[PDB]
């Protein structure tokens, strides 16, 4: 009667056959999309007349609608494109990072995070200007220089897959140059999302919490280790796992730049390395919840 069970462990063929029919689809999808990519996406962002040092100056000079604008925070830096938010809290916000859909891969090396990547904005169809922001990470160099022009406040917003929004304001925010590994630093916290950057994640007692503080942390990309998790094992690096370019510290309490998990809820047995990568803000929605919308914008604070 030991041959009524092995006969039964036939559900092994059943499964194994499903996993060979799946690999079928996945192989076809990857080929389809690969064709789709023989042709790129295009935008025609006709530049707005008005301009300034940053968005605060532009809202003041009459730039009332949120869209792509050209800025030159210095007579020695080539004017660059950027998306300005003129509506959220008195406007004048210079968008530094943005997540809304899953259009852009944020898992990049040190250089791309230096120069910037993604789409600043796209056309509002019918309109000949890009009033809609894309997903991007304005270079680290540009974000550093921008915060070192004088006092600068940082606004971090996010929304879950149901509609709820929460903020995180830091009345003080600076970012050193590349020689100082773009070290971050913030202060003066408000918002209703939880001071993750400063007090680590509010849901873990002891050393476990302090090790999740970004404030004062260097910047790291999977190809450049500057996190606060000392280990000679090349596979154990906050950026490698967790999947973003960020001020990791063994590792995080906040993880914008994380993987865009559609739907919101996701689990360890879904993550590449089994960690909580994904657009995450722990002090608000846990560790296994990737935000639908998550952004980072700045202003001079004047």
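For clarity, a rigid core is taken as the largest C-alpha set superposing within 1.5 Å between two forms. Residue numbers count along the first chain shown, from 1.
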Of 274 to 282 and 8 to 16, which departs more from this form in 7 other deposited structures of this protein by CA RMS after core fitting
8 to 16
Overlaying the structures in 7 other deposited structures of this protein on the rigid core, point out which of 228 to 236 and 81 to 89 has the bigger RMS C-alpha shift.
228 to 236
Return whichever of 73 to 81 and 128 to 136 has the greater mean Cα B factor according to the PDB record.
73 to 81
Using only C-alpha atoms and the B-factors in the entry, which stretch averages higher, 230 to 238 or 272 to 280?
230 to 238
Name the one of 224, 99, 114, 148 with the greatest CA B-factor according to the PDB entry.
148
Among the modelled residues of this chain, does the Cα B factor of residue 87 put it in the lowest, middle or highest third?
highest
Ranked by Cα temperature factor within the chain, is residue 294 in the lowest third, the middle third or the highest third?
lowest
Within-chain third of residue 287 by Cα B-factor, per the entry
middle
Where the record places residue 175 (Cα B-factor, split into thirds across the chain)
lowest
Chain-wide C-alpha B factor ranking for residue 252, given as lowest, middle or highest third:
middle
